[PDB]
């Protein structure tokens, strides 16, 4: 029926979407154009985003999720995946997945063309995200965001 045409986004509908200019709240160098495919069609439990990262910019602030899984599939362009210590070049057709607690990561575009990726994530009401380079932990609980310096956390049990 005509009332489910909206669930299909053709390639050219996607191309013409403006998307949002997004800067990560802890990294002014993490700047991207974000086209939320999931929000366009009404998905509420996962995020599916077509992102464009220009040369010299990053995908995020180096981070590790405790409850939300996340993944990235490269569509065009080339980048550098930083994962724990290590750096890995990435290219189109590459996939990276992050099970909970597995590995902190960020992606940079140190190339000469736009890096275009699908970013795929769970959307949960509660999560904990660490930002090791900032020494901060975010507790996110049903819309309440609580950012705490890791030095201020008394760990009673691990």
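Positions refer to the first chain, counted from 1.
Peer 1: Using only the Cα atoms and their B-factors as the entry lists them, report which of 18-26 and 132-140 averages higher.
Peer 2: Per the deposited B-factors, the answer is 18-26.
Peer 1: Between 37, 102, 90, 116, let me know which has the highest C-alpha B-factor in the entry?
Peer 2: 102 has the highest C-alpha B-factor of those listed.
Peer 1: Would you mind checking where the Cα B-factor of residue 151 ranks among the modelled residues of its chain, as the lowest, middle or highest third?
Peer 2: Tercile = middle for this residue's CA B-factor.
Peer 1: What third of the chain does residue 97 rank in for C-alpha temperature factor, lowest, middle or highest?
Peer 2: Tercile = lowest for this residue's CA B-factor.
Peer 1: Consider only the C-alpha atoms of the modelled residues in this chain, order them by B-factor as the entry records it, and name the third containing residue 59: lowest, middle or highest.
Peer 2: It falls in the middle third of the chain.
Peer 1: Going by what the PDB entry lists, where does residue 122 fall on CA B-factor within its chain: lowest, middle or highest third?
Peer 2: Tercile = highest for this residue's CA B-factor.
Peer 1: Would the CA B-factor of residue 43 place it in the lowest, middle or highest third of its chain?
Peer 2: Answer is lowest: the recorded C-alpha B-factor places it there.
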